[PDB]
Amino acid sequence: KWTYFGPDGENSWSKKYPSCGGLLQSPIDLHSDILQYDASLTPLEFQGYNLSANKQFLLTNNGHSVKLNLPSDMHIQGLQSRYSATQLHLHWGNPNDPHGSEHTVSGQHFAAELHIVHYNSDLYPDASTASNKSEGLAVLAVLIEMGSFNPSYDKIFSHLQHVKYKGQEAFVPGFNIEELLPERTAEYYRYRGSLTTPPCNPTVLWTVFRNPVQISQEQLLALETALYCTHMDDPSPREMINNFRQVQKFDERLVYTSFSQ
């Protein structure tokens, strides 16, 4: 099934997943002509993000990314419903081209991108249910640039060699997920878009923080070399690299900014 390279790659997803050829698709390039300040974009509140170090949370290689399952007592507030967390995961490039963010800024890729997925729990029982309904999902995106070593991201990356292959699972002790977010979270871009992976449901309220975080070259190299899209016993192994979608046409959307300059 679907991949980021070859016959089953992104230009072919719409063959099996119609919404991937529909409107309101993500990611997009964030550039001046389509930005507009909106003073009503007040600061989000991150509730229940400080996960207990004595509890443990499931990390899974699902064949397309590495994902950490999050508890439903973790929420974002500030939105017009409460949105409950369900999972976070990453997108990245490869060792010879560490430029695999999904969203771009003024045409430039960052090294990687973190997505923290939430669903409207006011309205829906689980994320799977919410995924194909209006205002079902809210995703927070953190842009990641090559920089200093990041001990908070390492709480995830230290477990990659235990989830190298599709289907494998590991437990990560709790930590404060807010440490994965950048400086000045009150500054963000906001827009209506989609899942960036099949089935590309146009049901996501996106928040992309303005400021990136840093992880080191060695942490990116671990992330880019540790994982496979395939099962441990697959005789045609495929490295999990370059797992980002190209940016999409705007189709008349604006992107709203909580910052005026």
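Definition used throughout: the rigid core is the maximal C-alpha set that superposes within 1.5 Å between two forms. Heads up: residue numbers just count along the shown sequence, starting at 1.
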Segment of greater CA departure in 9 other deposited structures of this protein, 248-256 or 15-23, core superposed:
248-256
With the rigid core held as the alignment frame, decide whether 228-236 or 27-35 lies farther from the shown form in 9 other deposited structures of this protein, in terms of RMS C-alpha distance.
228-236
Test of understanding: from the entry's C-alpha B-factors, which stretch has the higher mean, 181-189 or 128-136?
128-136
Average Cα temperature factor in the PDB entry - higher stretch of 248-256, 21-29
248-256
Could you check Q87, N94, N150, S84 and tell me which one carries the biggest Cα B-factor in the deposited entry?
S84
For the listed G63, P212, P199, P202, which has the peak Cα B-factor recorded in the PDB entry?
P202
Assert third(CA B-factor, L70) within chain per record equals middle
According to the PDB entry, is the CA B factor of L35 in the bottom, middle or top third of its chain, that is, lowest, middle or highest?
highest
Would you mind ranking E218 by its C-alpha B-factor against the rest of the chain and naming the third, lowest, middle or highest?
middle
Lowest, middle or highest third - CA B-factor, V105:
middle
On the chain's distribution of Cα B-factors, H162 falls within the third called highest
